[PDB]
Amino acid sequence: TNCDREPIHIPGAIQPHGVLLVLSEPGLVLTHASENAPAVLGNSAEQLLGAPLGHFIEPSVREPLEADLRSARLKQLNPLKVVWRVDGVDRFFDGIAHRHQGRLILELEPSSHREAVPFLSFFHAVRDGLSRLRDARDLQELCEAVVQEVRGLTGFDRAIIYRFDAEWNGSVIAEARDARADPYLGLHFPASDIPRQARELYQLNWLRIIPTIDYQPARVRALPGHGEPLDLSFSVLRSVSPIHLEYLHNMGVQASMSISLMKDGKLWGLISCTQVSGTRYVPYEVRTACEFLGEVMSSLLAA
């Protein structure tokens, strides 16, 4: 059987800090809703399933949101501004929507604290980060620049560059760390620690975040006739493989984030961040800044 066979893209559940909805097209009827929607949204699955999205959206946000969800050209439009009028009292969310395997999936994460101008942090993060990455004169300086930059933006206890060999064993070739985190720099690990179906998924979906490894997976409920396993390959809230969560627990890690490094269309390595402390709910603008720096580093893996 071994490591490579557990699926991972169809867990049937999400990480409960956000809500996952599936929307029909073109009508935007909710055909799936994750069952943590009462805690996060103020509505039940029963109120949600089969209702049109617009019924729950503050009316002045509604028309542009529906226009974006139908756009196809959908991020490029992410993040979507979603304002949920429940009882009502608005709740504010960043929507990340995508199409995959014929379904339109909308993920909702509570909008960040502040007031502190939208997208200003991303502007500074990628400008300052790009010039630090360009200062690097070789691969090893590039790696150290990225890991210092990502740890600064996220606050993670540890950030490494994890590089794959021929073979798919990995090596910790650069590390930035708080002093509370043991040093993994220089360690090599077998290929099965990131098994083959994970590596294949990470060639397509370049960012994953587990802000706490202790969560109760929120099942995705569906209208009768619907689900059938939801392919969650491109969903940021996808519940991750339980055996990886026990790897993290045994390693003493409470939260994780990694970013794929690509070279010639093939997975080259990861930027891997870990928290030994407590949780790490990285905000949207920070995650996206980090993933953007991973793309820059990936494009600089040349000569």
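The first residue of the sequence shown is number 1, and the count goes up from there.
Set 112-120 against 91-99 and average the Cα temperature factors; 112-120 ends up higher. As the entry records it, the average C-alpha temperature factor is higher for 82-90, out of 82-90 and 128-136. Within the listed group 239, 34, 44, 258, the record reports its top CA B-factor for 44. Comparing C-alpha B-factors across 205, 169, 212, 216 in the deposited entry, the largest value falls on 216. For residue 51, the recorded CA B-factor ranks within the middle third of the chain. Only modelled residues enter the ranking. Remark: residue 227 belongs to the highest third of its chain, ranked by C-alpha B-factor as recorded. Ranked within its chain, residue 269 lands in the lowest third, by CA B factor from the PDB record. In the PDB entry, residue 275 places in the middle third of its chain by CA B-factor. Per the PDB record, residue ranking by Cα B-factor puts residue 29 in the lowest third of the chain.
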